[PDB]
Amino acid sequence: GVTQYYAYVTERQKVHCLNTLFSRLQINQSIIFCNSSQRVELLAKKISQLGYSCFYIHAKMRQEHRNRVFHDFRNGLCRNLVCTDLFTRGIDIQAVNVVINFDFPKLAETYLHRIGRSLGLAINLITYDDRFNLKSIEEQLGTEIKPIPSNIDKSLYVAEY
């Protein structure tokens, strides 16, 4: 029940792409992954400049800070969460129906821990430099990540549908 897609972008395109996703997807809540703590804080600052509420969570924080933020997220205080690879036992927030890999992971085990489990969309931002990791992860998981279509069926991720 998670539909996986990729957009092909360059680093300089990623934010405009992300703004278009925010604009056109029927997001209830979303989780956005980056490949480091520093880039997480950078993207949270940027999402806030584009107009969207977000929280953020990363490896360089006290555990209890992270727990409270995530409890505040679960209760709907913000609509988007920006984070690093914090999930071990899966994502059990029901309202999250769109997960975004702002940075594509390197390892298949990283990718699995991001994408289990939003009905939901997993949208991958793929650069030329991610090409080997895309192939490796597709092969290891036994999965296909399809190109993002111009119209995403609402029945794939909006629960009223």
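Sequential numbering from 1, following the sequence displayed. Here the rigid core means the biggest group of C-alpha atoms that line up within 1.5 Å when the two forms are laid on top of each other.
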Between 100 to 108 and 62 to 70, the one drifting more in C-alpha RMS in 4 other deposited structures of this protein once the core is aligned is 62 to 70
With the rigid core as the fit reference, the stretch showing the greater C-alpha departure in 4 other deposited structures of this protein, 10 to 18 or 144 to 152, is 144 to 152
Between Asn97 and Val98, the number of deposited residues left without coordinates comes to none
For 88 to 96 versus 125 to 133, entry-based mean Cα B-factors point to 88 to 96
Averaging the C-alpha temperature factors as deposited, the higher value of 56 to 64 versus 35 to 43 falls on 56 to 64
Split the chain's modelled residues into thirds by Cα B-factor; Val9 lands in the lowest
Among the modelled residues of its chain, the C-alpha B-factor of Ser48 falls in the third labelled middle
Temperature factor at the Cα of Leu112, chain-ranked in thirds, falls in the middle
The third of the chain into which the C-alpha temperature factor of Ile27 falls is the middle
